[PDB]
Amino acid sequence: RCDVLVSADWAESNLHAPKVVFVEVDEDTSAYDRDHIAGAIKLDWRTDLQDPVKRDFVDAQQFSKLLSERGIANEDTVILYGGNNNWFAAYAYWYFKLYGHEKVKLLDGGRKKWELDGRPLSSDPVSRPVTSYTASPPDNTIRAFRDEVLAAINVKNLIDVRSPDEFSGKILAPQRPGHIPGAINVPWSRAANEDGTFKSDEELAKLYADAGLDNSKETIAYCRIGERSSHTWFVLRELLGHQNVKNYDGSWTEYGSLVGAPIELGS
C-alpha cells in the first residue's frame, strides 16, 4: 500500500527528504494560506486545475506549465493532502495519474488526520525554483466520457458515490434527478474512517461486494462533478487493485442534463 498511500508518521519523518514534495489541494488556497505542512506548496483546484472557459480540466501542456511554475519535476515523489475530506487531493492524484506521473501518493487521512494527530503546521510562505515538467498525453483508460458511459449501462459496474437521496431521485442536487440505470450507490464516505484515513482492504472489499460490485465487470465511478468519485476511484483502482476503473468526471451534472439519457429512480 506504500506505493500509493503514506501515513502521517512517514510524512512527518520525510518533510525534507530528497526529491519529495508535499502539495496541498483544496477548493481554495485559503486554508493553505492560513497554515500548511512545512515546505508544502499549493494548487488551487478551481483556478489551477480547471480550464478557465471550457468545461474541462487543464490539458497536457497546461498541466506541464503549471507544475513547471510550481517547481515540481517528473522524477519527484509527490505527496498530496487536503482538507474537505481529502476529496480534492484525490482528484489531483487522479490528474497526476492521468498525465503519467509515476511517483505520487495520498497522505492517509489528509489534513483532518494531521490536525487530529496535532502535527505541526507552518504559516511561512513557500517558493520552489521553477522546473521543466513534461506531462505524458492522457491515459484515458482511467477516465470515462459521456458516450462510453451510455454504452456501459448493463455492461460495467457504475458506482454512484452521491447521497442515498440523490441516488434514488428524492433530491436533484444540493437537469433530471435519479441515477444511471444499473448503478449501485456507495456514498464516498463509507470508505473512510472517522480520522479521515482509508478503511482496510478487508473492510473495503466487503463494502463493495455487499453493495453489488460485479467482479466479472470493469468499473466506472461517478459523483456530480467527479470530486468524491476520484476518492472512490482511488479506493477501487489503487487500494483494491481493480485493473479497469474509470472516473466519469462529467458525472451527474453532465449526465443528468443530457437529452434522451436513460435514468432510473429508487434505491
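The first residue of the shown sequence is 1; numbering continues from there.
Going from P174 to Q175, the model skips 4 to 9 deposited residues, which lack coordinates. Here the stretch with the larger average CA B-factor, out of 38-46 and 64-72, is 38-46. Comparing the deposited coordinates for 163-171 and 129-137, the stretch with the larger average C-alpha B-factor is 163-171. Take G110, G182, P187, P120 and read off each C-alpha B-factor from the entry; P120 has the highest. Taking only the listed residues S216, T219, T29, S230, the entry reports the highest CA temperature factor at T29.
When the CA B factors of the chain's modelled residues are split into thirds, the value for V6 lands in the middle one. Remark: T77 belongs to the lowest third of its chain, ranked by C-alpha B-factor as recorded. When the CA B factors of the chain's modelled residues are split into thirds, the value for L236 lands in the lowest one. The PDB entry assigns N84 a C-alpha temperature factor belonging to the highest third of its chain's modelled residues. Sort the modelled residues of the chain by CA B factor and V20 lands in the middle third.
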